[PDB]
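Undergrad: Right, I'll just put the structure down here and ask away after.
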Amino acid sequence: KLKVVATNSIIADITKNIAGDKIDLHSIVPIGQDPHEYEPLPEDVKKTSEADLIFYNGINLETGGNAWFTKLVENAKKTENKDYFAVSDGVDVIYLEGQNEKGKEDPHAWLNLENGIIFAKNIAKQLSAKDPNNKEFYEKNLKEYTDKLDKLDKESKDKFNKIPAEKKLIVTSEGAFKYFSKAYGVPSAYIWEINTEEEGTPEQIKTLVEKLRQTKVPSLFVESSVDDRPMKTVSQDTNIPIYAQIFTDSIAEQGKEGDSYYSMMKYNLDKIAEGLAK
Ligand SMILES: [Mn+2]
């Protein structure tokens with residue numbers, strides 16, 4: 001069976017939904033861990049060597065740890081677009097605020113279901129290319145999976161319409177909501193823009209607090225994959241309660257709510273809608 005490697009639990013989850021049990025999947029970044037700067041383990045390095053097909057997010061996700069993914073994929077002598085593929089190829093890339101080049105991209109594409117579908121299309125493409133036997137299975141799973149996602153996106157484009165503008169702000173630690181914001185029309189603020197930066201300096205915190213004091217935002221959120229101290233601080237300083245943990249860089253641990261791309265997207269939608277209705 002096809003030996004596949006996903007860099008993180010999101011891509012891995014999407015992959016499972018395409019490949020079912022037709023492949024040997026290994027997911028590098030453990031659930032709940034930050035996929036921006038990860039130190040691949042020996043099993044990770046071995047599985048990547050043996051892999052027929054490696055999926056990563058690209059658009060500047062796995063290029064901290066000073067390019068851990070690049071170095072992973074160097075050492076394993078793998079070739080871009082032959083052995084490994086960025087599953088974000090195709091997304092309308094959004095860039096980080098201020099800096100603006102290759103390495104100014106914001107990686108968080110998947111917080112837009114349409115992009116989640118693009119990922120699935122890319123994942124399915126490559127699975128088929130590399131394992132033509134199961135081409136049909138994949139495409140069938142794909143069509144089903146993207147329907148599931150598309151429905152959900154279709155249903156959610158409205159969720160936020162009734163939120164009073166001055167409450168309508170998603171606040172999370174990392175600025176991982178740019179795509180979400182664009183897709184569902186709810187602005188987002190944050191303590192640090194991307195996890196590769198210092199995380200939760202008194203300055204970032206002050207900046208966010210001062211922005212928040214100007215709002216009537218009822219709830220802050222905190223992602224499942226970051227230290228929550230900084231946001232607790234924001235919470236305390238603005239007296240805005242942290243309403244829910246949500247999912248940016250990772251799906252939930254096995255069995256919890258949100259433990260798949262689809263249901264983490266569903267969870268986020270729901271919790272944020274409730275959180276901001278409060
Ligand atoms: Mn992130």
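Identifiers in the structure tokens: chain A, B, ... in order shown; residue index from 1 per chain; ligand index from 1 in order shown.
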Could you pull out the helix (DSSP H, G or I) residues of range 49-157 of chain A from DSSP and send them as a PyMOL selection string?
TA: chain A and resi 49-50+68-75+109-111+113-130+132-156
Undergrad: Compute the set of protein, DNA and RNA residues whose minimum atom distance to ligand 1 is at most 9 Å, using only C-alpha atoms and all ligand atoms, and state it as a PyMOL selection string.
TA: chain A and resi 34-36+61+106-108+174-176+193-196+225-226+248-250
Undergrad: Pick out each residue of range 47-196 of chain A that DSSP on the backbone tags as strand (DSSP E); I need them as a PyMOL selection string.
TA: chain A and resi 53-56+84-86+94-95+105-106+170-174+188-192
Undergrad: Give me a file of those residues, with N, CA, C and O atoms, as a compact mmCIF listing (two decimals), in the first residue's frame.
TA:
# COMPACT_ATOMS: atom_id res chain seq x y z
N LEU A 53 4.84 9.58 -1.08
CA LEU A 53 4.02 10.75 -1.30
C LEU A 53 3.97 11.50 0.00
O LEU A 53 3.63 10.94 1.02
N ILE A 54 4.38 12.75 -0.01
CA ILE A 54 4.42 13.54 1.20
C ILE A 54 3.57 14.76 0.94
O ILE A 54 3.75 15.43 -0.06
N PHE A 55 2.64 15.04 1.85
CA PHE A 55 1.85 16.24 1.77
C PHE A 55 2.25 17.22 2.85
O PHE A 55 2.39 16.84 4.02
N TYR A 56 2.44 18.47 2.46
CA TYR A 56 2.61 19.53 3.42
C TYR A 56 1.72 20.65 3.00
O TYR A 56 1.12 20.62 1.92
N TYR A 84 6.87 15.20 -2.91
CA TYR A 84 6.02 15.90 -2.00
C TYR A 84 5.27 17.04 -2.61
O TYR A 84 5.78 17.72 -3.48
N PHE A 85 4.06 17.26 -2.12
CA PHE A 85 3.23 18.27 -2.67
C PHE A 85 2.63 19.20 -1.64
O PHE A 85 2.24 18.79 -0.58
N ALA A 86 2.59 20.48 -1.96
CA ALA A 86 1.94 21.42 -1.11
C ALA A 86 0.48 21.28 -1.41
O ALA A 86 0.06 21.48 -2.54
N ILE A 94 -3.36 34.55 1.09
CA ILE A 94 -3.42 35.82 1.78
C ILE A 94 -2.06 35.99 2.43
O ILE A 94 -1.45 35.02 2.80
N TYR A 95 -1.58 37.22 2.55
CA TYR A 95 -0.26 37.47 3.12
C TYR A 95 -0.32 38.04 4.52
O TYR A 95 -1.34 38.55 4.93
N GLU A 105 3.59 34.81 3.26
CA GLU A 105 2.31 34.19 3.11
C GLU A 105 1.81 33.78 4.48
O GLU A 105 2.58 33.39 5.34
N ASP A 106 0.51 33.90 4.67
CA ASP A 106 -0.15 33.35 5.81
C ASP A 106 -0.63 31.93 5.44
O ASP A 106 -1.38 31.77 4.48
N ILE A 170 -13.08 38.22 15.85
CA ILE A 170 -12.51 36.99 16.41
C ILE A 170 -11.16 37.27 16.97
O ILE A 170 -10.29 37.71 16.25
N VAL A 171 -10.97 37.03 18.25
CA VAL A 171 -9.70 37.31 18.86
C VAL A 171 -9.09 35.99 19.26
O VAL A 171 -9.64 35.27 20.10
N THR A 172 -7.95 35.66 18.67
CA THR A 172 -7.24 34.46 19.05
C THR A 172 -5.76 34.84 19.25
O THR A 172 -5.34 35.94 18.89
N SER A 173 -4.98 33.94 19.84
CA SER A 173 -3.61 34.26 20.11
C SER A 173 -2.90 34.50 18.83
O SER A 173 -2.42 35.61 18.62
N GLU A 174 -2.81 33.51 17.96
CA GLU A 174 -2.08 33.67 16.70
C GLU A 174 -3.01 34.26 15.69
O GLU A 174 -4.19 34.10 15.77
N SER A 188 -10.66 39.58 12.29
CA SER A 188 -10.01 38.92 13.39
C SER A 188 -8.83 39.72 13.91
O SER A 188 -8.18 40.41 13.15
N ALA A 189 -8.57 39.63 15.20
CA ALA A 189 -7.43 40.30 15.79
C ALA A 189 -6.63 39.23 16.50
O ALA A 189 -7.06 38.08 16.62
N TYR A 190 -5.48 39.59 17.02
CA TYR A 190 -4.69 38.53 17.54
C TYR A 190 -3.56 39.13 18.38
O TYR A 190 -3.32 40.32 18.36
N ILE A 191 -2.89 38.27 19.13
CA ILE A 191 -1.76 38.72 19.91
C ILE A 191 -0.50 38.68 19.10
O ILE A 191 0.28 39.62 19.12
N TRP A 192 -0.24 37.57 18.41
CA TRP A 192 0.93 37.52 17.53
C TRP A 192 0.49 37.02 16.19
O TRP A 192 -0.40 36.18 16.09
Undergrad: Which residue gives the smallest distance to residue 92 in chain A among A:244, A:67, A:59, A:12, with only C-alpha atoms counted?
TA: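 That would be A:59, the residue with the smallest distance to residue 92 in chain A.
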Undergrad: Kindly give the distance, in Å, that separates CA of residue 264 in chain A and CA of residue 129 in chain A, rounded to a single decimal.
TA: 28.7 Å
Undergrad: Counting only C-alpha atoms, which of A:268, A:15, A:156, A:254 gets nearest to residue 183 in chain A?
TA: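 Looking at the shortest contact to residue 183 in chain A, the residue is A:156.
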Undergrad: What's the 9 Å shell around residue 110 in chain A, counting only C-alpha atoms, without same-chain residues fewer than 2 positions away, as JSON, numbers by chain?
TA: {"A": [10, 88, 107, 108, 112, 113, 114, 115, 116, 117, 118, 119, 179, 180, 248, 261, 265]}
Undergrad: What would the file look like if the residues just selected were written as a short mmCIF file (atom, residue, chain, number, x, y, z; two decimals), in the first residue's frame with C-alpha atoms?
TA:
data_model
loop_
_atom_site.label_atom_id
_atom_site.label_comp_id
_atom_site.auth_asym_id
_atom_site.auth_seq_id
_atom_site.Cartn_x
_atom_site.Cartn_y
_atom_site.Cartn_z
CA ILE A 10 -5.22 18.63 9.44
CA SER A 88 -2.44 24.45 -0.71
CA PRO A 107 -0.41 29.50 5.88
CA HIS A 108 -3.77 29.19 7.57
CA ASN A 112 -11.68 28.51 4.87
CA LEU A 113 -13.68 25.42 3.88
CA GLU A 114 -13.26 26.23 0.22
CA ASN A 115 -9.57 25.89 0.78
CA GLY A 116 -10.18 22.74 2.69
CA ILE A 117 -11.74 21.47 -0.51
CA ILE A 118 -8.80 22.66 -2.56
CA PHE A 119 -6.58 20.64 -0.20
CA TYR A 179 -8.79 33.17 5.61
CA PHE A 180 -11.64 32.56 7.99
CA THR A 248 -6.29 26.61 14.18
CA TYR A 261 -10.93 18.80 9.75
CA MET A 265 -14.35 23.59 11.12
#
Undergrad: Nearest to residue 101 in chain A: which of A:122, A:7, A:60, A:141 is it, counting only C-alpha atoms?
TA: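 Ranked by minimum distance to residue 101 in chain A, first place goes to A:60.
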Undergrad: Skip residue 24 in chain A itself and residues of its chain fewer than 3 positions away, then list as a compact mmCIF listing (two decimals) with N, CA and C atoms, in the first residue's frame all residues within 12 Å of it, counting only C-alpha atoms.
TA:
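Dumped everything to out-v3.txt:
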# COMPACT_ATOMS: atom_id res chain seq x y z
N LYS A 1 0.84 -1.23 0.00
CA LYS A 1 0.00 0.00 0.00
C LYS A 1 0.85 1.25 0.00
N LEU A 2 0.29 2.30 -0.59
CA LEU A 2 0.93 3.61 -0.70
C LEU A 2 1.35 4.17 0.65
N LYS A 3 2.60 4.55 0.74
CA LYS A 3 3.12 5.09 1.98
C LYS A 3 3.10 6.61 1.92
N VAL A 4 2.18 7.20 2.67
CA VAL A 4 1.92 8.63 2.61
C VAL A 4 2.34 9.33 3.88
N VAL A 5 2.82 10.53 3.77
CA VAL A 5 3.10 11.29 4.98
C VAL A 5 2.47 12.66 4.93
N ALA A 6 1.80 13.05 6.00
CA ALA A 6 1.19 14.36 6.06
C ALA A 6 2.02 15.11 7.09
N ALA A 12 -3.40 15.36 7.43
CA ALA A 12 -3.63 13.94 7.69
C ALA A 12 -5.12 13.62 7.77
N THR A 15 -6.63 13.68 4.42
CA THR A 15 -6.16 12.57 3.67
C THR A 15 -6.95 11.34 4.00
N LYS A 16 -7.07 10.98 5.29
CA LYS A 16 -7.86 9.79 5.67
C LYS A 16 -9.22 9.80 5.02
N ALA A 19 -8.43 8.73 1.45
CA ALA A 19 -7.78 7.46 1.20
C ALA A 19 -8.30 6.32 2.04
N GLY A 20 -9.21 6.59 2.97
CA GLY A 20 -9.69 5.55 3.87
C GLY A 20 -8.52 4.66 4.25
N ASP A 21 -8.73 3.35 4.25
CA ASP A 21 -7.66 2.42 4.65
C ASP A 21 -6.78 1.98 3.47
N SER A 27 1.54 10.93 10.13
CA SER A 27 1.30 12.34 10.25
C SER A 27 2.41 12.88 11.11
N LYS A 47 9.90 7.63 8.37
CA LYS A 47 8.66 7.51 7.57
C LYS A 47 8.71 8.39 6.32
N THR A 48 9.36 9.54 6.45
CA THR A 48 9.52 10.42 5.31
C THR A 48 10.45 9.83 4.26
N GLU A 50 10.82 6.67 3.64
CA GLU A 50 10.14 5.59 2.99
C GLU A 50 8.93 6.02 2.19
N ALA A 51 8.50 7.25 2.39
CA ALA A 51 7.23 7.70 1.83
C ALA A 51 7.23 7.72 0.30
N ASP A 52 6.07 7.40 -0.28
CA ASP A 52 5.88 7.52 -1.73
C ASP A 52 5.36 8.89 -2.08
N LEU A 53 4.84 9.58 -1.08
CA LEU A 53 4.02 10.75 -1.30
C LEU A 53 3.97 11.50 0.00
N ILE A 54 4.38 12.75 -0.01
CA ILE A 54 4.42 13.54 1.20
C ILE A 54 3.57 14.76 0.94
N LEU A 127 -2.91 11.24 -4.86
CA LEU A 127 -3.15 9.87 -4.50
C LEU A 127 -3.43 9.08 -5.78
Undergrad: Given only C-alpha atoms as the basis, pick out the residue of A:272, A:152, A:91, A:165 nearest to residue 177 in chain A.
TA: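 Among the listed residues, the smallest separation from residue 177 in chain A belongs to A:272.
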Undergrad: Just give me the gap between CA of residue 146 in chain A and CA of residue 274 in chain A in Å, one decimal is fine.
TA: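 These two atoms are separated by 25.5 Å.
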Undergrad: Between A:198, A:153, A:104, A:275, which has the minimum distance to residue 241 in chain A (counting only C-alpha atoms)?
TA: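 Of A:198, A:153, A:104, A:275, the one nearest residue 241 in chain A, counting only C-alpha atoms, is A:275.
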Undergrad: Fewer than 3 positions away in the same chain doesn't count, so skip those; otherwise give me all residues within 10 Å of residue 160 in chain A, counting only C-alpha atoms, as a VMD selection string.
TA: chain A and resid 156 to 157 163 to 165 168 184 to 186 269 272 to 274 276 to 277
Undergrad: Would you output that residue set with C-alpha atoms, as a PDB file, in the first residue's frame?
TA:
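Listing of selection.pdb after writing:
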ATOM      1  CA  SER A 156     -21.994  29.027   7.216  1.00  0.00           C
ATOM      2  CA  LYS A 157     -21.508  31.978   4.932  1.00  0.00           C
ATOM      3  CA  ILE A 163     -23.392  39.874  14.920  1.00  0.00           C
ATOM      4  CA  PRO A 164     -23.316  43.566  15.784  1.00  0.00           C
ATOM      5  CA  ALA A 165     -20.260  45.048  14.102  1.00  0.00           C
ATOM      6  CA  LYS A 168     -17.829  41.128  15.552  1.00  0.00           C
ATOM      7  CA  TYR A 184     -17.096  34.450   6.527  1.00  0.00           C
ATOM      8  CA  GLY A 185     -16.791  38.203   6.830  1.00  0.00           C
ATOM      9  CA  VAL A 186     -15.784  38.495  10.446  1.00  0.00           C
ATOM     10  CA  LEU A 269     -18.047  27.962  13.277  1.00  0.00           C
ATOM     11  CA  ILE A 272     -17.302  31.480  17.462  1.00  0.00           C
ATOM     12  CA  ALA A 273     -20.871  32.252  16.477  1.00  0.00           C
ATOM     13  CA  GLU A 274     -22.026  31.591  20.004  1.00  0.00           C
ATOM     14  CA  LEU A 276     -19.648  36.474  19.650  1.00  0.00           C
ATOM     15  CA  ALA A 277     -23.413  36.376  20.149  1.00  0.00           C
TER      16      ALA A 277
END
Undergrad: Measuring atom to atom with only C-alpha atoms, identify which of A:111, A:123, A:212, A:169 is nearest to residue 87 in chain A.
TA: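 The shortest atom-to-atom distance to residue 87 in chain A comes from A:123.
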Undergrad: Between CA of residue 11 in chain A and CA of residue 231 in chain A, what is the distance, to one decimal in Å?
TA: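 Computing it gives 26.6 Å between the two atoms.
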